[PDB]
Amino acid sequence: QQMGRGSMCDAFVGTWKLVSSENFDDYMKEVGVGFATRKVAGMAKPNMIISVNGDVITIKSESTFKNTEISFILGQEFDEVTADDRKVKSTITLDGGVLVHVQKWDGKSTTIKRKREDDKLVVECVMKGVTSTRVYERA
Ligand SMILES: COc1ccc(CCC(=O)O)cc1
């Protein structure tokens with residue numbers, strides 16, 4: 001093998017730590033997360049590790065609430081067990097410079113967008129009319 005080329009998704013690669021969150025409780029309520037799970041999930045300050053190997057992107061969340069890991073190819077649906085224990089069908093695409101992650105379950109949908117802004121990685125979680133913004137910094 002040879003050394004492969006970079007990609008635009010390289011802007012997301014690295015080790016990230018959650019530094020702020022807004023409206024996450026309301027997001028989780030809109031998603032249907034129960035009280036005890038919401039309270040514990042809302043305290044977490046995960047690290048998030050993003051890596052790329054060929055076509056495969058891996059997003060690992062290391063958390064005091066729940067450790068999750070997804071590996072995927074852009075545009076190709078996969079099964080995901082979310083930190084709050086939903087079993088969802090997920091598709092992640094790159095639209096411009098934004099990773100757009102759609103999760104489908106039980107006739108419901110939620111979208112998680114991930115975008116670089118200055119030195120941060122901003123995550124916006126959307127369920128119907130409810131948005132949560134989560135900001136990560138380099139660890
Ligand atoms: C409730 O557990 C969750 C659900 C959604 C997320 C997406 C936002 C993020 O990764 O910071 C994280 C933890």
# chains A, B, ... in the order shown; residues from 1 in each chain; ligands from 1

call {"tool": "select_by_dssp", "arguments": {"residues": "stretch 1-86 of chain A", "states": "helix (DSSP H, G or I)", "output": "list in words"}}
result
residues 8, 9, 10, 11, 12, 24, 25, 26, 27, 28, 29, 30, 31, 35, 36, 37, 38, 39, 40, 41, 42 and 43 of chain A

call {"tool": "residues_near_ligand", "arguments": {"ligand": "ligand 1", "cutoff": "10 Å", "atoms": "only C-alpha atoms and all ligand atoms", "output": "short mmCIF file (atom, residue, chain, number, x, y, z; two decimals) with C-alpha atoms, in the first residue's frame"}}
result
data_model
loop_
_atom_site.label_atom_id
_atom_site.label_comp_id
_atom_site.auth_asym_id
_atom_site.auth_seq_id
_atom_site.Cartn_x
_atom_site.Cartn_y
_atom_site.Cartn_z
CA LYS A 17 -13.68 18.08 24.77
CA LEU A 18 -17.14 19.45 25.46
CA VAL A 19 -16.96 23.04 26.85
CA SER A 20 -20.49 24.34 26.57
CA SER A 21 -23.99 23.17 26.01
CA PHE A 24 -29.69 20.07 25.68
CA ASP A 25 -32.32 19.11 28.26
CA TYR A 27 -33.58 18.57 23.04
CA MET A 28 -33.48 15.34 24.95
CA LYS A 29 -37.10 15.87 26.16
CA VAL A 31 -36.35 13.18 21.54
CA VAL A 33 -35.40 10.69 26.83
CA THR A 37 -31.37 9.51 31.82
CA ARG A 38 -31.67 13.20 30.94
CA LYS A 39 -30.31 14.31 34.27
CA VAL A 40 -27.29 12.00 34.10
CA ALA A 41 -26.68 12.56 30.35
CA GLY A 42 -26.88 16.33 30.77
CA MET A 43 -23.99 16.33 33.29
CA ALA A 44 -21.55 14.60 30.96
CA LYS A 45 -18.61 16.45 29.42
CA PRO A 46 -17.47 13.93 26.85
CA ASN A 47 -14.31 13.68 24.95
CA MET A 48 -14.89 12.98 21.36
CA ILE A 59 -16.55 9.09 16.03
CA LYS A 60 -15.87 7.86 19.58
CA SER A 61 -17.48 9.54 22.61
CA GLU A 62 -15.81 8.84 25.96
CA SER A 63 -18.12 9.81 28.70
CA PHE A 65 -22.53 8.74 31.18
CA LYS A 66 -21.93 6.30 28.29
CA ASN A 67 -19.06 5.54 25.89
CA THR A 68 -20.28 5.29 22.24
CA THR A 82 -27.35 5.94 20.95
CA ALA A 83 -26.02 6.95 24.36
CA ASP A 84 -29.65 7.13 25.61
CA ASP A 85 -30.23 3.56 24.21
CA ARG A 86 -32.33 4.29 21.15
CA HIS A 101 -26.12 12.89 10.79
CA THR A 110 -33.41 13.91 14.56
CA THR A 111 -30.45 15.58 12.86
CA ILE A 112 -27.03 16.25 14.36
CA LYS A 113 -24.81 18.67 12.47
CA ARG A 114 -21.09 18.94 13.18
CA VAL A 122 -19.85 22.98 17.02
CA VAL A 123 -22.55 20.34 17.28
CA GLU A 124 -26.14 21.34 16.68
CA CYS A 125 -28.81 18.77 17.57
CA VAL A 126 -32.25 19.34 16.09
CA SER A 132 -29.31 22.25 21.21
CA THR A 133 -25.85 23.66 20.58
CA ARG A 134 -22.85 21.87 22.02
CA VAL A 135 -19.37 23.31 21.62
CA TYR A 136 -16.22 21.29 21.70
#

call {"tool": "residues_around", "arguments": {"residues": "residue A:53", "least_positions_apart": "4", "cutoff": "10 Å", "atoms": "only C-alpha atoms", "output": "PyMOL selection string"}}
result
chain A and resi 4+57-58

call {"tool": "atom_distance", "arguments": {"atom1": "atom CA of residue A:74", "atom2": "atom CA of residue A:30"}}
result
26.7 Å

call {"tool": "atom_distance", "arguments": {"atom1": "atom CA of residue A:88", "atom2": "atom CA of residue A:11"}}
result
26.6 Å

call {"tool": "select_by_dssp", "arguments": {"residues": "chain A", "states": "strand (DSSP E or B)", "output": "PyMOL selection string"}}
result
chain A and resi 14-22+47-53+56-62+68-73+78-81+87-95+98-105+108-117+120-127+130-138

call {"tool": "closest_residue", "arguments": {"among": "A:137, A:55, A:79, A:22", "to": "residue A:103", "atoms": "only C-alpha atoms"}}
result
A:79

call {"tool": "closest_residue", "arguments": {"among": "A:9, A:128, A:71, A:52", "to": "residue A:99", "atoms": "only C-alpha atoms"}}
result
A:9

call {"tool": "closest_residue", "arguments": {"among": "A:138, A:81, A:49, A:93", "to": "residue A:118", "atoms": "only C-alpha atoms"}}
result
A:138

call {"tool": "atom_distance", "arguments": {"atom1": "atom CA of residue A:77", "atom2": "atom CA of residue A:35"}}
result
29.8 Å
